[PDB]
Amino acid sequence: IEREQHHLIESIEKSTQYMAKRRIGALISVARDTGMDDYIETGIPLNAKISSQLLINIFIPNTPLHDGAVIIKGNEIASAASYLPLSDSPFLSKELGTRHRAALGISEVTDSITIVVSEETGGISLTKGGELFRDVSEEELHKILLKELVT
């Protein structure tokens, strides 16, 4: 499982870096100890092997799988186009869109790690436990994913 988490990290990193250069909006939520099955069930089931290639193809704009969140559970991309709870926090900047609000929302009610790619800026953001790491560098993203996902 140790190699699966590292492959998960590398897949997120490659897909997000690919989509960030192209300003392709993306929203990837990795479940952890708390189940996210209710929101998996809101999307289109994939139950697919994790890969950067599939993550990218899912988020291509105007495609059947892009409008929503990808939820990763265990060693599978469980679903795409899932809905996530939107945070009601007035602290979150109005310059950020609903992807960040969804990413903040799910982080308030689960211990899940959620990664966002802004289609406006290409900035990669991350949410965990109700907090937002906005516009992280590749180094910062790699350290956070290593810390939070390799357990």
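Quick note: we count residues from 1 along the sequence shown, nothing fancier. Think of the rigid core as the biggest set of C-alphas that the two forms share within 1.5 Å after superposition.
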{"item": "In 7 other deposited structures of this protein, rigid core aligned: more displaced of 111 to 119 and 27 to 35 by C-alpha RMS", "value": "27 to 35"}
{"item": "Mean Cα B-factor comparison, 102 to 110 or 30 to 38, giving the higher one as deposited", "value": "30 to 38"}
{"item": "Entry-level comparison of average CA B-factors, 47 to 55 and 91 to 99, reporting the higher stretch", "value": "91 to 99"}
{"item": "Residue 21 by Cα B-factor - lowest, middle or highest third of the modelled chain", "value": "middle"}
{"item": "B-factor third for the C-alpha atom of residue 61 within its chain", "value": "highest"}
{"item": "Residue 6, C-alpha B-factor rank within chain (lowest, middle or highest third)", "value": "middle"}
{"item": "CA B-factor placement of residue 14, once the chain's modelled residues are sorted into thirds", "value": "lowest"}
